[PDB]
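The data below hold one chain only, encoded as structure tokens and taken in the form deposited in one PDB entry.
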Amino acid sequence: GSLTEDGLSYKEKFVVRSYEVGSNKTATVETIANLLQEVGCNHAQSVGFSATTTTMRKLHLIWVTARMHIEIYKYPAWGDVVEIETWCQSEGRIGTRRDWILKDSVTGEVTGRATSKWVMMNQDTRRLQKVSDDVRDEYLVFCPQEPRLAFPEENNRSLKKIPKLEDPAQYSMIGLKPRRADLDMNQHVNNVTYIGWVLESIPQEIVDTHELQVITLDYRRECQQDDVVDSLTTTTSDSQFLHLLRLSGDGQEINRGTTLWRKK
């Protein structure tokens, strides 16, 4: 992988692996989500990062994901090369936004796109902060200054409010626990695990006959290594679903989201 000529975005090719594909012999949405995360880490490293930006390290500040939105048109097949282009942008003092475009390396056509909103947080108190200058000046040297949006459309799926699932849920997967493979190098549950846990309550009949076109996910609280999660789903309709991840015990909300599926 490498930064583009202007140094304001980063590109990387990935060959789809055998264990990365599902029953259709195409990459799973979790494989896609891991590749977005990977190209994002390489972009951050190529422009001199740890995630932290020097002034975040002096203030014990970290970036946490608030939202993740992914729209796939075609899933790359096992053995295909997929090229992902990523870039960052400041959103005033709200937070930071990371966007991605996925292309077929052979045809050069867009096969998917993604967007994510990150909020500032103190890693000790776990308290959300607003982007207090300085960080915003150091982010301006690596970001495009004119807006560059993977989802430009006025009134689009990536910025819609997500409601809370009402009990009883139509479908459920109870007792989900993270194992060591679900943790990252800092022992926190990978943001991709939440996507997998959300999809666990989708019936196998929907998976076998439909393709996941869109997924939007809100992140409210992190799941601990020793926490148990319940995944809840309800059809709201193409097939549309409303999702909710909560702690098995007290019912504390950790995630909420929506998925859109089309018949194959």
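Throughout, we count residues from 1 along the sequence that is shown. Basically, rigid core = biggest C-alpha set you can superpose within 1.5 Å across the two forms.
- Of the two stretches examined, 115 to 123 and 168 to 176, the one with higher mean CA deviation in 9 other deposited structures of this protein after a rigid core fit is 115 to 123.
- Per-stretch RMS Cα distance to the displayed form in 9 other deposited structures of this protein, following rigid core alignment, is highest for 127 to 135 when 127 to 135 and 185 to 193 are compared.
- According to the entry, the deposited sequence has 4 to 9 residues without coordinates between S50 and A51.
- Deposited sequence between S237 and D238: 10 or more residues lack coordinates.
- Between 27 to 35 and 59 to 67, it is 27 to 35 that carries the larger average Cα temperature factor according to the deposited entry.
- For the segment pair 147 to 155 and 172 to 180, the entry gives 147 to 155 the higher mean B-factor, averaged over Cα atoms.
- Comparing the C-alpha B-factors of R98, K130, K161, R126 in the entry, the top value falls on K161.
- Per the PDB record, residue ranking by Cα B-factor puts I202 in the middle third of the chain.
- Ranked within its chain, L140 lands in the lowest third, by CA B factor from the PDB record.
- In the deposited entry, the Cα temperature factor of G112 sits in the bottom third of values across the chain's modelled residues.
- Sort the modelled residues of the chain by CA B factor and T193 lands in the middle third.
- Per the deposited record, the Cα B-factor of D250 falls in the highest third when ranked against the other modelled residues of its chain.
Absent from the display: the form deposited with a small molecule bound. The rest refers to it.
- Residue-level contacts in the entry with it bound: of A169, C143, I101, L149, one residue has a heavy atom within 4.5 Å of the small molecule, and it is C143.
- The small molecule is not drawn, but in the entry with it bound it has a heavy atom within 4.5 Å of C88.
- At the 4.5 Å threshold, heavy atoms of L232 stay clear of the small molecule in the entry with it bound, well away from it.
- Proximity of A51 to the small molecule in the entry with it bound falls within the 4.5 Å heavy atom cutoff.
- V47 belongs to the set of residues with a heavy atom inside 4.5 Å of the small molecule in the entry with it bound.
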